[PDB]
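Before any comments, here is the structure.
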Amino acid sequence: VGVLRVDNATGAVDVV
Amino acid sequence: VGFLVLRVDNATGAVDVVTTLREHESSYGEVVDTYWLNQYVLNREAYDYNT
């Protein structure tokens with residue numbers, strides 16, 4: 001039997 | 001049974017921890033405390049003749 005988004009204006013990084 | 005990224009500010013070199021799917025609040029005053037700390041610093045450090 002044996003994504004993330006980055007704000008270019010605030011540099012804020014957030015997991016999807 | 002046995003079966004956070006770090007953000008580096010290019011201008012300040014300041015490293016911020018980007019939480020991984022984490023918005024947890026630990027306890028009463030854990031986030032309430034942050035409010036008071038914010039309002040304290042903002043009002044203390046800020047200045048406007050009018051307010």
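Every chain in the structure tokens takes a letter, A first, then B, and so on in the order presented; its residues are numbered from 1, and the ligands are numbered from 1 following the presented order.
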
Would you list the contacts of segment 8-11 of chain A as an mmCIF file with N, CA and C atoms, in the first residue's frame, taking every protein, DNA or RNA residue within 8 Å and counting only C-alpha atoms, but skipping same-chain residues closer than 2 positions in sequence?
```cif
data_model
loop_
_atom_site.group_PDB
_atom_site.id
_atom_site.type_symbol
_atom_site.label_atom_id
_atom_site.label_comp_id
_atom_site.auth_asym_id
_atom_site.auth_seq_id
_atom_site.Cartn_x
_atom_site.Cartn_y
_atom_site.Cartn_z
ATOM 1 N N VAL A 6 2.148 37.067 -4.735
ATOM 2 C CA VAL A 6 3.036 38.116 -4.150
ATOM 3 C C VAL A 6 2.583 39.501 -4.624
ATOM 4 N N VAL A 13 3.160 38.675 0.827
ATOM 5 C CA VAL A 13 3.134 37.325 0.279
ATOM 6 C C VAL A 13 2.030 36.513 0.955
ATOM 7 N N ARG B 7 9.611 37.030 3.563
ATOM 8 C CA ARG B 7 9.634 38.167 2.650
ATOM 9 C C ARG B 7 10.730 39.155 3.034
ATOM 10 N N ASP B 9 12.256 42.698 2.288
ATOM 11 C CA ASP B 9 12.124 44.030 1.707
ATOM 12 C C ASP B 9 13.441 44.496 1.092
#
```

Residue hits in chain B, query chain A, radius 9 Å, only C-alpha atoms, as a count of residues only: 12

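For chain B, the set of residues given helix (DSSP H, G or I) by DSSP on the backbone reads residues 32, 33, 34, 35, 36, 37, 38, 39, 40, 41, 42, 43, 44 and 45 of chain B.
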
Taking the DSSP assignment computed from this structure's backbone, write out as a count of residues only all residues of chain B that belong to strand (DSSP E or B). 8
